[PDB]
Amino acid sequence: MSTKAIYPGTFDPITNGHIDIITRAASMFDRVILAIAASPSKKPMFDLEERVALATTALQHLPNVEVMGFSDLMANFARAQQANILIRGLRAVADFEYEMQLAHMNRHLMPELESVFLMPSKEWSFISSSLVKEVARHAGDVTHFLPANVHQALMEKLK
């Protein structure tokens, strides 16, 4: 019957690469929550409210997607939301190791939650939030990597 997936992240801010991942996931699962980490250990450029607002606008056109902040154990959030799937984008070899480690822990914490991995499109295969910010901080053109609403929000933050 139903599939409900969580796509967790800091999304600081959401990029076209994230948008690609969640568009693909929302085509394969009945519902998807974009789960935005409230309190990441490194303080974000955008607070949770901004991160959530930006992502909501960017994903508004996807009918079975909902954007939410969260501040607890992912196992507890997924359990609270009755999710049975966890989506991760998988850009780098470095990230794979870490994600396999969290997956195993998540299996221990919540056996009924299956973790699922998608590779990024070749177009978005080298972009991250961090990189786009760095480029944009020194006036590089990043219009290709962000939706308009996010782009304007980033420009404002750097002025």
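Take the two forms, find the largest set of C-alpha atoms that superpose within 1.5 Å, and that set is the rigid core. Numbers follow the displayed sequence, beginning with 1.
- Between stretches 47-55 and 96-104, greater average Cα displacement in 7 other deposited structures of this protein relative to the shown form, fitted by the core, falls on 96-104.
- The segment moving more, judged by mean Cα distance from this form in 7 other deposited structures of this protein after a core overlay, is 66-74 among 66-74 and 25-33.
- 57-65 and 36-44 differ in mean CA B-factor, and the higher of the two is recorded for 36-44.
- When the C-alpha B-factors of 90-98 and 121-129 are averaged, 90-98 comes out higher.
- Among the modelled residues of its chain, residue 114 has a C-alpha B-factor that falls in the lowest third according to the deposited record.
- Placement of the Cα temperature factor of residue 24 within the chain: lowest third of the modelled residues, per the deposited record.
- Remark: residue 9 belongs to the lowest third of its chain, ranked by C-alpha B-factor as recorded.
- Ranked by C-alpha B-factor against the other modelled residues of its chain, residue 16 falls in the middle third.
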